[PDB]
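What follows is one structure encoded as structure tokens, with my remarks underneath.
Nothing in this text is a laboratory measurement; each read-out follows from the coordinates by a stated rule. Virtual Cβ from ideal backbone geometry, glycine too; neighbours counted across all protein chains shown.
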Amino acid sequence: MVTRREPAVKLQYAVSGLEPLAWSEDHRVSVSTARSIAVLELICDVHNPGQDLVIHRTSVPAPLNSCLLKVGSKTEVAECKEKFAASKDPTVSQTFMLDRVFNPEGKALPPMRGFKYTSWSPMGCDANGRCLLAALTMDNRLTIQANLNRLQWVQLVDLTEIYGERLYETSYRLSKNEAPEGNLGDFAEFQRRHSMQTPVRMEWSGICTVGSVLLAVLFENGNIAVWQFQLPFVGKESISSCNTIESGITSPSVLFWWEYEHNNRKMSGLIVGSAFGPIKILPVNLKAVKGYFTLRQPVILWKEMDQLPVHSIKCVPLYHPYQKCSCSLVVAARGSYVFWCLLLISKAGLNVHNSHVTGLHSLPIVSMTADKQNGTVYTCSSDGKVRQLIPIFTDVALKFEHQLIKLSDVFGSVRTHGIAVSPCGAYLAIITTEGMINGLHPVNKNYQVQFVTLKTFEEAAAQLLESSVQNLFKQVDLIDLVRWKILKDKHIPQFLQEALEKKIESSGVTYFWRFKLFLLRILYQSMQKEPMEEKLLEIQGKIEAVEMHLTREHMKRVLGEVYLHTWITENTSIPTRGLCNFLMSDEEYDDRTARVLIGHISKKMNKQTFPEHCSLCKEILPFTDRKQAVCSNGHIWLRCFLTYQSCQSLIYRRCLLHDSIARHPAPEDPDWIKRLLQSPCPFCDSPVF
Amino acid sequence: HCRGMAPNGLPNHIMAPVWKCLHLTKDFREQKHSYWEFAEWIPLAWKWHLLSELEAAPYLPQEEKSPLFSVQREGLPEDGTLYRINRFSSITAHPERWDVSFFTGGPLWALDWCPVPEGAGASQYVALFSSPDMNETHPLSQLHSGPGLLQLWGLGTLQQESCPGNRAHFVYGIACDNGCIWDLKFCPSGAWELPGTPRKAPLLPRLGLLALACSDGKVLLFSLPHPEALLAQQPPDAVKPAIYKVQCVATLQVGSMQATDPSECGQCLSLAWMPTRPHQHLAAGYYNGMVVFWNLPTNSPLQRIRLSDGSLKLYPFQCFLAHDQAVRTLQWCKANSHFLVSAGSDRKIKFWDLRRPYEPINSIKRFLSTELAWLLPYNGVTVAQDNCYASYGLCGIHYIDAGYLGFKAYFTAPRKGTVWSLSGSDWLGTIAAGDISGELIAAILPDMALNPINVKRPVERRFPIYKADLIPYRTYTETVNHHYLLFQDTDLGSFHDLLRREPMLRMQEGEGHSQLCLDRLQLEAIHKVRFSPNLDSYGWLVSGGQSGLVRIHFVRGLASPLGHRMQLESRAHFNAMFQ
DNA sequence: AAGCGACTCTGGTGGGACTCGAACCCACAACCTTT
Ligand SMILES: [Zn+2]
Ligand SMILES: [Zn+2]
């Protein structure tokens, strides 16, 4: 099942921080690194035959300026630092001088501007369709980053700045009379004012429903700030609130959002893990969305205080087949063990089962990830050992079964610093480093992200055909397995071709036409991008047949919206008469329902033409062709594929795969097409940007 | 500032940090040591099986008599006799200078003082390991697991009335089937109790609690009985080199409760107990570059299991990959136990925040560090080095700020050879260091709150304690049959006229101009140094090396009225509390 | 006078970068080289 994909992504700088590899819902991979976040984007390239993973590389640069936490007035903080450095007591003086939280940049101290942690949002958070990146530097600067154009990541906000202002304006007291205002000349209060705003780790909720999303930021003292962001997020304007709750957990270590669904009742809470062992779920009471609701009472998952640190927590929803209901599996890496707990609401109330699956590794777990679709957990340690860890249902709760993954058989002697499954568990990405050469240390240390398969092409094909999401972008990792096979063997395997025809014959939903279009385009690449020329010309014709189909079905949707909404001159943002003539133009298209739709429209349409003009000419564009429009006197404009207006703008929204184009929405556009412009393109799901 | 000459002949500004360190150490121990810990782990005599003479013989180190040697003492007449002493035997203390040599049967590779609560006035002991064969040398990349012996040597109470005519006594040893021992660390405080403690016959009053780092890659924890309790419990007719086979309190090793897959970690190369009450954690540095911690009181079935013999096995609560290479030395911060420094054979010194192990507080790259010392009062660390990468003559001993104060590294002592071992006396604020050249020196640090670049000249702050010289008279036998060791000892009574006295000129001619010695064993080499951690005997120092001789010295010139008064204060308090 | 703490001041070497010296490689014209 496991073989390597041939790309290895070489990294320029040392990998840095906690759980340093993440693979987003958006199939971008981020490596937190001492001088950047390396961001690797999986493209299912349909325009080239190169069998590799086509990885586009971009990065978030480290900050240029160190993040001094605001603990007092700019003079009083300097007076306090001077006091503690001068303190004749060995304990106070060295406690101050060694804790880099108080000395984020110094004389001989090295800067800590590299990244501690990174956490992708869900998809849909950006101003585009994409997900945002939360990025935490080791000097405690917490930022939210976006890649609005493809080239340059941009900081949308700094949350460490804002929270420091919030605290300063409340004298660092969260409850208005909870204590006297402490003397900042007390090192206990000085340390406290630092501790209460030093972020440990951070995680995004799901989308909440104007959409919203929550970011919980966990501080060294066990405070959690729950930020609420308005969507689409664009900056400080989008921060809808910040509310801080007190966990009371001593030495928090890790954080995750529990989210649950049974009997059509939504519930949610935060699961928090201590550095000393225990794991507990907190009611996030302070919130203002109506759709979500909070845990009734705290529930303790592990109480033991055994001092194994909870290095990681993941949660996956599972349909339990014997209890015949929705349940939630929590797994946590604690030392060299995976704590697991299965939470299952029943008529008996919340039923809780927990255990440790044991004997996994002879060293602490360095990273963990779960296949969200099945709960298969992968765990890793500096041995270069990865272990697949399968949940098997039991009449109540689970048992875990596990087996080692023989990474040494594919990479040789290696250290593994992190792992991440792709969103569909098609690939395991893995940070690797040169290992012990028969007990010799490696003379030189270079980091690489490397990739191994976890599923065969035939399992990927089966999962793509019986797809739940029916969405090529969400499944673009499984798609890359199908791409790799077809490029390698230069034909579509018979069972897939027959099964896809059966799905098209029976269901026929535009997902299966988009899937057929993908196979044909990769096939056309595979045969060198004479009978071979006839074969190329043949399948180029077949691509056009399905590509025209996906167009005509989308044209019918556009006309559908135009018909259902108010027929008013705001229609000028759509070339309605052009589409009417085009869509009925040929008896090559059978659909009587489209022709009657055009009948109703053409009966209601005005006789006034309102033609589209080429701006450089103010001469009409006849709507001759799908891809593009041309005027007399020689100009060419790309047409949009969402609306069909021509892109005469100096800026327009090109698909991630460049298969397709769309306009930016204008304020002149009505809401019902400002909606439509946010669609994925008809030829592939992808962000059109 | 302060001015004039101290009564020992050093300038007052050179002595002023030394006197300051006495009070700082006493206050620290009052706050953060304790008088009792680990009450569960009292020695049980039925776990101390005495091996017979024919059972013990495989464990005994193999040299039966020392090399021939002679000791010259500055300002005394030349004795001229060659001494030689049997394995497990000692020369008598010099009647005026109280130095003692004793022979352990093999080259010494671990050594520590038994800690005693200040004011107890107890009998003082050292634990040490001397390798079986002079010619053995062990590859780091491979586990060993051979047979060896841990030795406990009693030094007496070391009071001025007791020192003339003193001798070291081999009180007992433990047969160890776990290979050679690379580090020894006693529990810093709370392990000792009075030898007269009433305990029923199975239970023996505890002398101490001791961690062994094995080349077998595991740490062994022994609670030690007072010798008188064993000898009264032992039959009187037994052979006097009492070699016991002892079940541990616990075996400490890297693993998980069902992972049989053997650890990458390899040999265990360094130890550090947590410096502060209740000392509940023990750290170890490993060949694979990990630092490992065990939570010794742990009840958890994920960390504690009881073996069929009733001893515990402990699996670690935390590990992290500190270095790209063997972690050759650890020091744990006394002033705040969240911080630890470790140095590796990738020759980086890394300072750690144990709350945040993913990134060191500071890495400073240096020469190939052999040992660290982290004295209580100073933010930085003192580094002994292997010379293989330093520029010629720029190797030596360096003090290195942890980095907030931002001072440049202070070159406290130039050395030609690699300094194998170093220790800082918290009571004195001084370091002593031992060289492949077989020279032992001490150096007094300036008050490292103040920028060392204004130190006019470091040489006035250091002096030699002894140098061993081979005199003709490569295998060990090929050396000893042809050479004897000339130990040259300084007059430590005072530092008057220091730089004009012969041993300083000999040392300064050693610095720079002298040359490395190869194509012989280096029988001259010193391998360990330890200043006394105890307030009683705080001025005493022990060292040893490839000769298998071990030498005890008293730096009379730094023992001074403030410490003598502080001893007597603590003596009176202890006698008032425990009776 | 006698001394402290900056501030240069006189010399020695290492880190990474880079010149160094060599053989190896092209393709052609010269002609030795063969029945
Ligand atoms: Zn035109
Ligand atoms: Zn597209």
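Please verify whether region B:63-73 includes one or more residues that are touching a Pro at 6+ places or on another chain (Cβ under 9 Å), more than 30 Å from residue A:88 (Cα to Cα) and among the β-branched types (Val, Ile, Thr).
Within region B:63-73 (the criterion being touching a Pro at 6+ places or on another chain (Cβ under 9 Å), more than 30 Å from residue A:88 (Cα to Cα) and among the β-branched types (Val, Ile, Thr)), the answer is no, since none of the residues qualifies.
All but one of (1) outside any loop (DSSP other than H, G, I, E, B); (2) within 16 Å of ligand 2 (Cβ to nearest atom) hold for residue A:594; state the number of the condition that does not hold.
Looking at each condition in turn, residue A:594 falls short on (2).
Select from region B:400-424 the residues that are at negative phi, within 14 Å of chain A (Cβ to nearest Cβ) and not in a strand (DSSP E or B) and list them in ascending order.
B:401, B:402, B:404, B:405, B:407, B:408, B:409
Of the residues A:681, A:647, which single one is within 16 Å of ligand 1 (Cβ to nearest atom), of a type in the set (A, V, I, L, M, F, W, C), closer than 30 Å to residue A:56 by Cβ and more than 14 Å from chain B (Cβ to nearest Cβ)? Spell out how you get there, then give the answer.
On the way: A:681 fails: within 16 Å of ligand 1 (Cβ to nearest atom).
The unique qualifying residue is A:647.
Among the residues of region A:638-655, is any among the β-branched types (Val, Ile, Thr) and within 27 Å of residue A:568 (Cβ to Cβ)?
Step one: filter region A:638-655 for residues among the β-branched types (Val, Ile, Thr), giving A:643, A:651.
Right, trim to within 27 Å of residue A:568 (Cβ to Cβ) and you get A:643.
Scanning region A:638-655, I find at least one residue that is among the β-branched types (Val, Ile, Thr) and within 27 Å of residue A:568 (Cβ to Cβ), so the answer is yes.
Considering only region A:630-657, how many residues are more than 21 Å from residue A:561 (Cβ to Cβ) and either more than 16 Å from ligand 2 (Cβ to nearest atom) or small (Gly, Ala, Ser) (or both)?
Count: 12.
Which residues, taken from region B:372-390, are assigned to a strand (DSSP E or B), crowded, with 23+ Cβ neighbours inside 10 Å and of a type outside the set (A, V, I, L, M)?
Of everything in region B:372-390, those that are assigned to a strand (DSSP E or B), crowded, with 23+ Cβ neighbours inside 10 Å and of a type outside the set (A, V, I, L, M) turn out to be B:382, B:385.
Restricting to region A:86-115, name every residue that is more than 7 Å from chain B (Cβ to nearest Cβ), closer than 22 Å to residue B:355 by Cα, over 36 Å from the mean Cα position of the chain (by Cα) and aliphatic (A, V, I, L, M).
Hit for region A:86-115 is A:92, nothing else.
Would it be correct to say that residue B:428 is aliphatic (A, V, I, L, M) and more than 14 Å from chain A (Cβ to nearest Cβ)? Walk me through it before giving the result.
Working: aliphatic (A, V, I, L, M): yes; more than 14 Å from chain A (Cβ to nearest Cβ): yes.
Against the criterion (aliphatic (A, V, I, L, M) and more than 14 Å from chain A (Cβ to nearest Cβ)), residue B:428 qualifies.
Given the options A:633, A:606, name the one that is away from ligand 1 (no atom under 16 Å from the Cβ), in a loop (DSSP other than H, G, I, E, B) and surrounded by fewer than 17 Cβ atoms within 10 Å (Cβ to Cβ). Working first, answer last.
Details: A:633 fails: away from ligand 1 (no atom under 16 Å from the Cβ).
Only one candidate passes the filter, namely A:606.
Could we say that residue A:27 is within 36 Å of the chain's Cα centre (by Cα), at positive phi and away from chain B (no Cβ under 14 Å) here?
Numbers: within 36 Å of the chain's Cα centre (by Cα): yes; at positive phi: yes; away from chain B (no Cβ under 14 Å): yes.
In short, yes.
Select, from B:254, B:246, B:292, the only residue that is touching a strand residue (DSSP E or B) at 6+ places or on another chain (Cβ under 8 Å) and more than 14 Å from every other protein chain (Cβ to nearest Cβ). Give the steps one after another, and end with the answer.
On the way: B:254 fails: more than 14 Å from every other protein chain (Cβ to nearest Cβ); B:292 fails: more than 14 Å from every other protein chain (Cβ to nearest Cβ).
Unique residue meeting the criteria: B:246.
Determine the pairs where a residue that is more than 17 Å from residue A:493 (Cβ to Cβ), located within region A:519-539, has a partner that is assigned to a loop (DSSP other than H, G, I, E, B) with Cβ atoms under 6 Å apart, the partner being 6 or more residues away or on another chain.
Sorted first by the residue in region A:519-539, then by its partner, the pairs are A:529/A:49.
Just to be sure before I move on: is residue B:122 under 17 Å from the mean Cα position of the chain (by Cα), more than 14 Å from chain A (Cβ to nearest Cβ) and hydrophobic (A, V, I, L, M, F, W, C) in the structure I sent?
no
Results for (1) touching a helix residue (DSSP H, G or I) at 6+ places or on another chain (Cβ under 9 Å); (2) crowded, with 23+ Cβ neighbours inside 10 Å; (3) part of a helix (DSSP H, G or I), shown as yes or no for each residue.
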residue: A:25; (1), (2), (3): no, no, no
residue: A:49; (1), (2), (3): yes, no, no
residue: A:56; (1), (2), (3): no, no, no
residue: A:60; (1), (2), (3): no, yes, no
residue: A:68; (1), (2), (3): yes, no, no
residue: A:81; (1), (2), (3): yes, no, yes
residue: A:92; (1), (2), (3): yes, no, yes
residue: A:111; (1), (2), (3): no, no, no
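Tally time: how many residues in region A:1-23 are in a loop (DSSP other than H, G, I, E, B) and closer than 18 Å to residue A:433 by Cβ? Lay out the reasoning, then the answer.
Here is the first cut: in region A:1-23, the residues in a loop (DSSP other than H, G, I, E, B) are A:1-3, A:11-14, A:16-20.
Subsequent filtering for residues that are closer than 18 Å to residue A:433 by Cβ retains A:11-14, A:16-20.
Selection size over region A:1-23: 9.
Identify the residue in region A:356-413 that is in a loop (DSSP other than H, G, I, E, B), more than 13 Å from every other protein chain (Cβ to nearest Cβ) and of a type in the set (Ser, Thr, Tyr) and, among all such residues, is farthest from residue A:325 (Cα to Cα).
Only one residue fits best here, namely A:376.
Of the residues in region B:317-355, how many are under 30 Å from residue B:245 (Cα atoms) and at the interface with chain A (Cβ under 8 Å from one of its Cβ atoms)?
Counting residues in region B:317-355 that are under 30 Å from residue B:245 (Cα atoms) and at the interface with chain A (Cβ under 8 Å from one of its Cβ atoms) gives 1.
Table: residues versus (1) away from chain B (no Cβ under 12 Å); (2) under 28 Å from residue A:27 (Cβ atoms); (3) out of contact with any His (no Cβ under 8 Å at 6 or more places or on another chain).
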{"residue": "A:416", "(1), (2), (3)": "no, yes, yes"}
{"residue": "A:423", "(1), (2), (3)": "yes, yes, no"}
{"residue": "A:429", "(1), (2), (3)": "yes, yes, yes"}
{"residue": "A:432", "(1), (2), (3)": "yes, yes, no"}
{"residue": "A:441", "(1), (2), (3)": "no, no, yes"}
{"residue": "A:447", "(1), (2), (3)": "yes, yes, no"}
